[PDB]
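Undergrad: From the sequence below, what's the structure:
(chains A and B)
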Number of protein chains: 2
Amino acid sequence: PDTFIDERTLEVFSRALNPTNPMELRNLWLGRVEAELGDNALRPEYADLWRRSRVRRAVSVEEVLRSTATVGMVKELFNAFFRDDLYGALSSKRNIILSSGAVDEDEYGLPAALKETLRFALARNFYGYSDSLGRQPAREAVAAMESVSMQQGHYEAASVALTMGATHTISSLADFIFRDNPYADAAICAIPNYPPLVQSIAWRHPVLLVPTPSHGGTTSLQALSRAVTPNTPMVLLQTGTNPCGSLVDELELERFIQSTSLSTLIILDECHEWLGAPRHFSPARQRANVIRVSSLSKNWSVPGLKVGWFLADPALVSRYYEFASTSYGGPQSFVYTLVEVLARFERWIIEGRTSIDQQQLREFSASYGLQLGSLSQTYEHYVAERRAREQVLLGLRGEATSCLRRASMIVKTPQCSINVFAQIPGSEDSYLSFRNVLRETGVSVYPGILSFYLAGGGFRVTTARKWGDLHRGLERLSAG
Amino acid sequence: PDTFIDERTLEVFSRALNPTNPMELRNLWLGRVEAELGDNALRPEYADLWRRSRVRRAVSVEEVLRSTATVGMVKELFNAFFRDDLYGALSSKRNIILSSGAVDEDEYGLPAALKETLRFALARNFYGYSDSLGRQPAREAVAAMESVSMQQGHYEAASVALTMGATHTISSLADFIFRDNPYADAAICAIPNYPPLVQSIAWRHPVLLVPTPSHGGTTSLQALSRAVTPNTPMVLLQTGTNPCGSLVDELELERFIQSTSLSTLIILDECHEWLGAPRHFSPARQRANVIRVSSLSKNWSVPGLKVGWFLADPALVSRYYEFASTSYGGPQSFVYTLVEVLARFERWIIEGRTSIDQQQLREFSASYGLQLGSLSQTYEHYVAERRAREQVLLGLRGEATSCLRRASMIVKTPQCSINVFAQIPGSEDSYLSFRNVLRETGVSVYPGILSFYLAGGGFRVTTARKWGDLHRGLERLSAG
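TA: Residues are numbered from 1 along each chain as shown, chains lettered A, B, ... in the order given. Take a look:
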């Protein structure tokens, strides 16, 4: 099963001087961790802080899950992990990094066609000022690509907003939504989730954290449906779950969406719905209160470009125009061509097109100066590259799961994306497990506490790495 | 002189049903404008709305300048101008656009060296995840480049934060500053200013608008100093003024900065301090409460790349790390190389270096694989290109000013940047002047109301265009 909160979590919240202080909670958590790192403590000050601590109150599960200090403390542990733990004090060139959560952009980066579009946009000086929601051809191509994948329904360009990645998108959406919001109930965040998104939402409104447990690669929205209220302002839900790799059922997602008031906005984070996820979307996903957020960071492995978009009702997009104008003045024009060339290409794959004729060449404007033969060859090569990347990534994920299971670890079977959730038997602290594994074998893993798994000792392993790095890391991990 | 507010402005605020409604104020403003467009009214509905309007209250100058509805109304007029006025109903392919405020990226775009760095970063897959404040070499180069231009003092890489442009930077700073802010007085915005920045600040805190009048190309901070209070949270001030092109005096800016409490943050918007601006900065500009914001949008003509940075106290930057992590997860890594290659190059120009030896080649890392001869030739060509661009732009600005004066217009002499503020004699409404000029001569100009000049009929002319476009526009403008 999945463990989300127990008494071991309540201990830290009951021993703190002021529970509403995220930094004190982070210090107590790290102090406990370094207390069971007796001899190998990286900082004995925090261990001493934990030793002097005393229980002074009674804390319940509901209080922890309804507290903004929980989100703050997880965000502080997230910050420490990257700042002064793995790339700080314990930084090394022999450490094998299996905790990024990102595809290795050297082995599997942007395909040649999209790189060529970026080069072309650079040569054409396509970096002038752009509209707050993006240029029209890119939005039209994105609308067609999103429409081709639905069971029923259709998207127009008026329902597409181009943004600078998912983190910025949910941050901007939370800020834009919570200006004039009559509803006073807490925004609901389904856990496990990404700490930056939950923190950006909790910046604006109180947050209720609702576990969304997984069983056999299927994500259960049973408790989430009960949690949602007719006065809920918004609900952030991840369709492809991180870190375990479980996937929501389309019928269950449809029923949950239909069981919600039109006053409750639903943000569907779909950044992990690839590499095995079936993409036949119910029409309920096109409802008037549903916002579908996607980015290019994972599926195309370009986090540094910061390109994404969201789909919503046309009125909401028209209102978001002004917010985007005031906040950042629109997205990068320099990537528009890429987006367009991506979307049409993607559509011609879903449409089952092996080849391209003159009809698909009129999709693009004549200013680009495209020829039929060059475009056809480019599309063939792009299809081949995407297929090869998908096959290799699936093979790597399967091999990593098999090796972790053979090394006597409790491993959840991933249904999507590139991450595998594993646990060493008998382990009760995920961050302690990170410290122990890093010191013992020199391999960095991603503790589950940073995915809002407040209980248990499981960690996340990223399998979309170079074969050499993954093989050496798995050998060291199984040896220990 | 400069006119900022008169009775003609108070009329609209006194005839509105609810003064706190920005949309009603925009409708009344447009209705008046289309009322003096008797036969040529683009929308008679707004004219009818204005005709039925009646005075129902007394409005003062202080009420208008202290109201958030003024900022909202100017933002709405700004939105209308681009959405349903110039690129909407009145869109045409014969209109000559002289109102963008941006350098023509076709004739005067990014230099070849920076394009080559972008191409190299693309070839190296330099689009992985990056730190919230940027990568270290880029920050170090930016710190050195900023330090070389000060009379006294020095900047370290810890005082540099890389961001995605000035609009996003001031929006993020306004959000980040006004979370835990004990001071309840209004944030002070110096006008003329950019409506998106003022609106992003007014999103978070009440705003007081303070005129900063110009006389002979010199911007006067006389009333701004009186306006500032020891409990002022922040002050947004533009060192190179838009649209007139006036420049603050370094001694006056130093005195104003020194006359401020350390509790008052000062955001210096320096995006227009080029093309004639002397860049010998006083040490007061390096104070602990001064934030210096800059972008590449104007000086290098790349608004679509969205690259910028700000300089602040190291503690403030260290605090901004977490905000950047939560909001957007850091800037684009894909541009880091460019920034670095820019900064060092810029420094070698300020240092008066004609040539480059092996000592400057160790500035960059050996991973880039740089050779001495290629780097030397590239630097020579970059210096030549920057010099030529500056000379051409200065010539164009001077010619535009001379032509506008010869066509019997009251024209302020620009001391910096690329814009010229002109006024047709006898004109009392800037947006009416925009409509009249666009209909009569087919040339679009930028009304001064969109620069927070609530009175007068002056408009802004952008002279950093192709010579053909500027020549034809000036001919049509002088003919009429």
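Undergrad: use CA for all of it now, contacts and neighbours both
TA: OK.
Undergrad: Return the residues of the stretch 51-200 of chain A in contact with chain B.
TA: Within reach of chain B by Cα under 8 Å from any Cα of the partner chain, the stretch 51-200 of chain A has these residues: A:79, A:105-106, A:109-110, A:115, A:119, A:122, A:124-130, A:165, A:167-169, A:171-172, A:196-197, A:199-200.
Undergrad: Please list only the buried members of the residues you listed.
TA: Buried subset of those (neighbour count, 16 or more other Cα atoms under 10 Å in any protein chain shown): A:79, A:105, A:109-110, A:115, A:119, A:122, A:125-130, A:165, A:167-169, A:171-172, A:196-197, A:199-200.
Undergrad: Got the domain ranges for chain A?
TA: As assigned by automatic domain parsing, chain A contains the domains A:7-97+A:419-462, A:113-350.
Undergrad: Residue A:421 falls within a strand, correct?
TA: Yes: using DSSP: H, G, I helix; E, B strand; the rest coil, the secondary structure at residue A:421 is a strand.
Undergrad: so it makes contact with residue A:457?
TA: No: contact criterion Cα atoms under 8 Å: residue A:421 and residue A:457 do not qualify, at 10.4 Å.
Undergrad: Once you drop chain neighbours, what's closest to residue A:176?
TA: Counting by Cα to Cα, 6 or more residues apart in numbering or on different chains, residue A:176 lies nearest to residue A:323, which is 6.7 Å off, once chain neighbours are set aside.
Undergrad: and that neighbour, what helix or strand is that in?
TA: For residue A:323, the host element (DSSP states H and E) is helix A:314-327.
Undergrad: Same question for that helix: list its buried residues.
TA: A:314, A:316-318, A:320-327.
Undergrad: Any chance of TSV for these, columns distance to residue B:296?
TA: TSV is the format used below for these (distance: Cα to Cα, whole Å):
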residue	distance to residue B:296
A:314	33
A:316	31
A:317	28
A:318	29
A:320	26
A:321	24
A:322	23
A:323	22
A:324	20
A:325	18
A:326	19
A:327	17
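Undergrad: ranges for the helices of the stretch 51-200 of chain A?
TA: Taking DSSP state H, counting those that start in this stretch, the helices of the stretch 51-200 of chain A run over residues A:61-65, A:68-80, A:112-123, A:136-147, A:166-177, A:195-204.
Undergrad: where's the third one relative to the chain centroid, distance-wise?
TA: By that I understand helix A:112-123. Taking Cα atoms, centre = their mean, to the nearest Å, one finds the center of helix A:112-123 at 27 Å from the center of the full chain.
Undergrad: Please apply the same query to the last one.
TA: Taking the mean C-alpha point of helix A:195-204 and that of its whole chain, the gap between them comes to 13 Å (Cα atoms, centre = their mean).
Undergrad: between the next helix or strand after it and helix A:195-204, how many degrees?
TA: Next along the chain after helix A:195-204, taking DSSP H and E as the criterion, comes strand A:207-211. Counting by axes from the mean of the first three to the mean of the last three Cα atoms, to 10 degrees, strand A:207-211 lies at 140 degrees to helix A:195-204.
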